Each structure stands twice: as C-alpha cells, then as structure tokens.
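Since the structure comes first, as structure tokens, the remarks are kept for the end.
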Amino acid sequence: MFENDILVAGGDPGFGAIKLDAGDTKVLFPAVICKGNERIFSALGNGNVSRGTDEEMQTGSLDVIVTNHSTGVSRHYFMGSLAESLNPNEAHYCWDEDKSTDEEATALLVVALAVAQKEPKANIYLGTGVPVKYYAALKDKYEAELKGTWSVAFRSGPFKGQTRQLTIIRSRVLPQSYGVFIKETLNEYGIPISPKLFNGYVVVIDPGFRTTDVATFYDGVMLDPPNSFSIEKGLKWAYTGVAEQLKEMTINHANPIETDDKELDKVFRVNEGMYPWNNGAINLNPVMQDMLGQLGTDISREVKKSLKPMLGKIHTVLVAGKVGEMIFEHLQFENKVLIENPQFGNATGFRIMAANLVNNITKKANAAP
Ligand SMILES: Nc1ncnc2c1ncn2[C@@H]1O[C@H](COP(=O)(O)OP(=O)(O)O)[C@@H](O)[C@H]1O
Ligand SMILES: [Mg+2]
C-alpha cells in the first residue's frame with residue numbers, strides 16, 4: 001500500500017447499505033438513520049449482548065455525535081443496525097440522491113469513514129458513485145459538498161470515546177455501476193487483467209435497493225444515456241409488495257401488520273424471513289421469492305426495452321450488489337456473471353479509481369501528505 005496511511009477509500013453505493021472499501025479493511029451497514037436520544041431506559045443490560053468478531057464487525061452498532069468540523073455544527077445519531085433496534089417508529093432510510101441539502105445523507109458516509117480509519121486523525125482521498133442517470137447533472141455538487149474536515153464521537157462498544165477526525169482531500173465521483181466494471185477489469189494497482197471484458201459489448205447491473213442501475217460498456221467505454229440508465233424497480237419495490245402480501249396474510253386478524261420496508265429488511269438480514277408473531281413465526285420466504293421472481297423478470301424486461309437492439313452482441317451481463325445474490329438465477333440472459341464478493345463491487349472500483357487520483361501527478365505531495 002501507500003507509504004502514508006491517508007485513506008485511499010471507495011464507498012457509498014448506499015441506499016440499502018453504506019458500504020466502503022479501504023483495502024485490507026471494509027465497512028458495511030444498512031443505511032438507516034435516527035436523530036437519537038439519550039438511550040436512558042433502553043441502555044439496560046436486559047438484552048445488551050454483543051456478538052461481533054472484530055471492531056470492524058462492531059459495524060452498524062453505531063451511536064454517535066457527528067460534527068461538520070468545516071462549519072462548527074453537531075448532531076446526535078443512532079446509525080445503521082442499532083437504529084433498527086432503538087427507534088423503529090422514527091428511524092428511516094435516507095432517500096434522496098442530492099447531498100447539497102441533507103447533511104443526514106452525508107453523515108452515514110462520514111461515520112463509515114471514521115469506522116474505517118484506524119488511527120485518531122488522518123486525511124482521505126474518496127471514491128464514490130451517484131446512481132447512473134444522475135451523473136450528467138449531479139457529480140459536481142458532490143465534488144463540492146463531500147470534502148473537508150469531519151469528526152465523530154462514539155458511545156458504543158469497541159468504538160467508544162475515541163473522537164476521531166478525518167479530512168477528505170478531494171473526492172472522485174463516478175456513475176454507480178462503473179465501479180463493478182472497474183473492479184472486474186483492473187488489478188489493485190490499476191493494470192488491466194482480461195481484454196475479454198474490454199472488447200465488444202458488456203452490460204453491467206446493480207439490481208440495487210432504491211434503484212436498479214444498468215450501463216453498457218462497448219470496447220471498454222461506458223455508452224451514453226439511452227444505453228446506460230436507471231430503473232425505479234429496486235429491492236424496496238419488492239418489499240412494498242411483500243408488505244401488502246403480509247397485510248393480506250393478517251387482515252383476517254383484528255388489527256393487521258403494517259410494516260414499513262425497514263422491518264422486512266431487518267427480517268431478511270437478522271433471521272431469514274421469519275417475521276416474529278404469536279406461535280413464534282410467520283414465514284415470508286415463499287412470498288419473498290414469489291416477489292423476486294417478479295422483480296428479476298422485470299429487471300430483465302426493463303433492460304430489454306432499451307437494450308434489445310444490441311442484445312445479440314453482448315459478451316456477458318455482470319451482476320453486482322447484495323440483491324445480485326438474491327435475483328441472479330431469474331435474470332433472462334444467456335451469458336451472465338455474478339461478480340466476486342458481490343456487495344462491494346461499486347465501492348472496490350471506486351477505491352481503485354481513488355488510488356489513480358492520489359498519485360503525486362494527480363493529487364498528492366511528493367512528501368508523505
Ligand atoms: N450486513 C448485511 N447483512 C445482511 N444483509 C445486508 C447487509 N448489508 C446489506 N444487506 C442487504 O442487502 C440489500 C441492499 O443491497 P445493496 O447492494 O446494498 O443495495 P444498494 O447498493 O443499491 O444500496 C438490503 O436488503 C440490505 O439490508
Ligand atoms: Mg446499489
């Protein structure tokens with residue numbers, strides 16, 4: 001790695017989960033935020049058991065004050081998986097692409113970088129990616145916003161105390177699916193590794209949480225918007241279906257289940273589709289894989305609507321994101337690859353791009369900074 005521990009790090013392909021690649025270490029948690037309170041009653045030992053294997057795997061157990069050090073203002077958050085399990089009435093996914101407003105939407109990534117950073121203060125060069133259709137109209141705003149000094153104070157577990165500071169030197173922003181293509185085509189040190197991916201046509205898919213995003217790479221180049229686009233049918237649309245089916249499985253009761261997506265996401269993350277109830281369990285997995293039969297069909301049709309003129313030419317369809325593991329058997333393409341370590345595909349490519357933009361000839365000193 002580099003001769004100074006400034007983070008070269010790539011991350012926030014986040015609407016379902018912030019995820020972040022910093023080389024030998026990685027951060028991952030669901031993108032749930034709450035403007036948390038003192039935890040005063042619920043701090044009791046009554047269920048306060050830790051199950052983690054590292055400080056890294058203390059991820060998502062996050063209880064913080066975040067400070068915009070560049071402006072001297074501060075806010076208190078429960079962040080990630082903890083917030084599913086403190087304020088389930090008021091904790092929510094942050095849900096807009098724009099981060100010019102919404103310091104909340106930046107705070108998730110600020111916390112993730114502070115978890116990644118091993119030592120109390122350092123500088124960072126950042127890679128990240130907005131969803132594909134926005135890259136024509138949004139990247140410059142992130143390249144202004146997502147910069148300068150931040151700090152995080154922590155109260156839970158191995159993180160506790162330790163009021164870390166970090167400074168983003170500068171950020172490189174890319175269209176979200178491109179990170180997958182990058183991590184598949186390039187070595188750690190930016191050398192290309194298989195011309196089989198460069199020549200002819202490749203299609204690359206993040207079947208993501210808020211959105212499913214698709215880009216066509218021809219001869220090594222991402223093609224322009226009518227060939228590389230974005231689709232509102234992300235996993236959250238399937239949970240909106242599962243919620244109506246769970247409601248119609250409990251409308252027969254005197255007061256029906258009325259879950260927002262967050263509880264279904266919890267139920268698939270934590271305990272494999274068994275929604276908790278009297279007599280122990282309601283099992284959603286039949287309903288869920290009935291929905292992902294729909295969503296995988298629809299991602300295939302929403303693709304073919306814009307790509308069918310090209311369809312015969314395609315070497316392969318790359319699939320990424322957590323939902324890649326959930327949908328991949330159902331997508332209607334003859335040559336099709338689920339990329340290695342599916343979760344991080346966008347983030348890893350953003351790190352590899354950040355390494356390019358933190359050479360001395362791109363942005364570093366000749367000295368250690
Ligand atoms: N730590 C985790 N444990 C289990 N499932 C996870 C975890 N992190 C993310 N997922 C789940 O994967 C889905 C999000 O997929 P993701 O690739 O992160 O979508 P996106 O890139 O578009 O934001 C959600 O259901 C989310 O809860
Ligand atoms: Mg995604």
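In the structure tokens, the first chain shown is A, the next is B, and so on; residue numbers restart at 1 for each chain, and ligands run from 1 in the order shown.
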For stretch 78-92 of chain A: contacts at 10 Å, only C-alpha atoms, fewer than 6 positions along chain excluded, given as number ranges by chain: A: 17-18, 28-37, 39, 42-43, 59-65, 107-108, 111-112, 156, 260-263, 265-266, 269-270
Within-8 Å residues of ligand 1, basis only C-alpha atoms and all ligand atoms, as a PyMOL selection string: chain A and resi 13-19+28-31+206-212+234-235+265-266+268-270+320-324+342-344+346
Strand (DSSP E or B) residues, from DSSP on the backbone, in stretch 132-281 of chain A, as an MDAnalysis selection string: chainID A and resid 148:154 161 165:173 186 192 201:207 212:218 221:222 229:231 274:277 280:281
Residue with smallest distance to ligand 2 - pool A:5, A:248, A:12, A:224, counting only C-alpha atoms and all ligand atoms: A:12
